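Visitor: When you get a sec, could you give me coordinates for this:
(chains A and B, ligands or ions: 2)
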2 protein chains.
Amino acid sequence: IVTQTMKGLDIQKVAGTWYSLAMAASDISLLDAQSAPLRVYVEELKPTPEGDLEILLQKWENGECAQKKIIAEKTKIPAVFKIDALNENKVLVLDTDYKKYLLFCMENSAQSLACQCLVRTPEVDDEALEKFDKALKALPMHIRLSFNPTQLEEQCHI
Amino acid sequence: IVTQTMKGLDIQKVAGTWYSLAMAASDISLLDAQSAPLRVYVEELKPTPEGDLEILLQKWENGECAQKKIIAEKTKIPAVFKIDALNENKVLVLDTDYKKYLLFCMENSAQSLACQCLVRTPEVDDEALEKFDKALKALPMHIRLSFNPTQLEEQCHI
Ligand SMILES: CCCCCCCC/C=C\CCCCCCCC(=O)O
Ligand SMILES: CCCCCCCC/C=C\CCCCCCCC(=O)O
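Guide: Numbers count the residues shown, from 1 in each chain, chains lettered A, B, ... in the order given. Ligands and ions are numbered 1, 2, ... in the order given. Find the structure here:
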């Protein structure tokens, strides 16, 4: 929890478009409603030249699908990034083939936890979903969501 | 969908106390919020002497955890029951050992679908959860919830 990170990660190679195909969290309230705190839909990853990672996403806030831009700073571990605000909050990359799928988790350091299966394409990748499910049997997840290709082409999935 | 029913079911032997340990549905909106349509927490099963099955449950309605009593009428198939209202709505018993776990699904006949893993006890039965997960890989589920022992002893899980 979480003791699965990607060895040999080249962060530059994750740049580009991603779809949040499936989400899971340790507590139901983290993903329950459209405005739940960790219900965030990844749009694009943009690594900076110094190795930080800026993230474009959508979040439902106040009855509307809002755009967000957040910055995840590099640490000494290539697969681990930190986000300010307030509580120390780390992003861990568990696995990726760069070209098709990426699995990551977000945990508050230090209890609470959310993971996603990102895919390059608005398609149900059964095989990325299988790897996501395997990575999660090691974790105490209590809500799990997945989306279909129609919803994946909509803002806030929708 | 759903093509898994329990052979040899003795409905009388499912009477008694049950806990809704985990829930899954084909559409996110079926389980999303506390007031979602299929977010129902089983309390007790009471088979009638003629083989019908009355169900006591809780549902969050209008900012409160309400008690419900619904009747599921027997069909020609021992593992399949029907509920009036409005849309023909069947309950199917997939598997049970009577003493520990029961898996069932509710489907609108005929599209939409929700399944639960019921347990006799406010304990996480990993082995019933495994069987639930196996029964579901055959199904198009897009939301899955589970509850911990604390929540299981609360009204509306809570
Ligand atoms: C390298 C894998 C990609 C990682 C993408 C990480 C996703 C974004 C991480 C955390 C977002 C947490 C929710 C914050 C939403 C913005 C502020 C808020 O509304 O609370
Ligand atoms: C034999 C296995 C036990 C089956 C228990 C079935 C659970 C109850 C079945 C369907 C309930 C569907 C929701 C209806 C809630 C009451 C009316 C409403 O608020 O819409």
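
Visitor: From now on I want contacts and neighbour counts done on CA atoms only, so please keep to that.
Guide: Fine.

Visitor: Just give the closest residue to residue A:78, not the sequence neighbours.
Guide: residue A:9 (6.3 Å; Cα to Cα, 6 or more residues apart in numbering or on different chains).

Visitor: Could you pick out the longest strand of chain A?
Guide: When chain A is parsed with DSSP state E, its longest strand is strand A:64-74.

Visitor: Name the strands paired with it and say parallel or antiparallel.
Guide: If you go by DSSP bridges, strand A:64-74 pairs up with strand A:53-61 (antiparallel), strand A:80-83 (antiparallel).

Visitor: Now residue A:11: phi and psi?
Guide: Taking degrees, to the nearest 10, you get phi -60, psi -30 for the backbone angles of residue A:11.

Visitor: which parts of chain A sit against ligand 1?
Guide: Contact residues, chain A versus ligand 1 (Cα under 6 Å from any ligand atom): A:37-38, A:93, A:104.

Visitor: For the residues you listed, name the two members farthest from one another.
Guide: Within the residues of chain A next to ligand 1, two members stand farthest from each other by Cα to Cα: A:37 and A:93, at 20.0 Å.

Visitor: quick one, which of the two is more surrounded?
Guide: residue A:93 (22 against 14; other Cα atoms under 10 Å in any protein chain shown).

Visitor: Excluding covalently adjacent residues, which one is nearest to the more buried one?
Guide: Per Cα to Cα, 6+ apart, closest to residue A:93 is residue A:104, 4.3 Å.

Visitor: Equivalent analysis for residue A:147, please.
Guide: According to Cα to Cα, 6+ apart, the nearest residue to residue A:147 is residue A:21 (5.6 Å).

Visitor: Make sure residue A:44 is indeed in a strand.
Guide: Yes: using DSSP: H, G, I helix; E, B strand; the rest coil, the assignment for residue A:44 is a strand.

Visitor: Distance check, it against residue A:114.
Guide: To residue A:114, residue A:44 is 18 Å away according to Cα to Cα, to the nearest Å.

Visitor: before we move on, what about residue A:120?
Guide: According to Cα to Cα, residue A:120 stands 20 Å off from residue A:114.

Visitor: who's more crowded, those two?
Guide: Applying other Cα under 10 Å to residue A:120 and residue A:114 shows that residue A:114 carries more neighbours, namely 22 against 19.

Visitor: What strand or helix carries the more buried one?
Guide: According to DSSP states H and E, residue A:114 maps onto strand A:113-119.

Visitor: helices or strands next to that strand in the packing?
Guide: Counting contacts by 3 or more Cα pairs under 8 Å, 6 or more residues apart in numbering or on different chains; DSSP states H and E, strand A:113-119 packs against strand A:19-25, strand A:101-108, helix A:126-137.

Visitor: what about residue A:39, which SS state?
Guide: Residue A:39 - assigned by three-state DSSP - is coil.

Visitor: what's the nearest residue to it if we skip its chain neighbours?
Guide: Using Cα to Cα, 6+ apart, the closest residue to residue A:39 is residue A:31 (5.1 Å).
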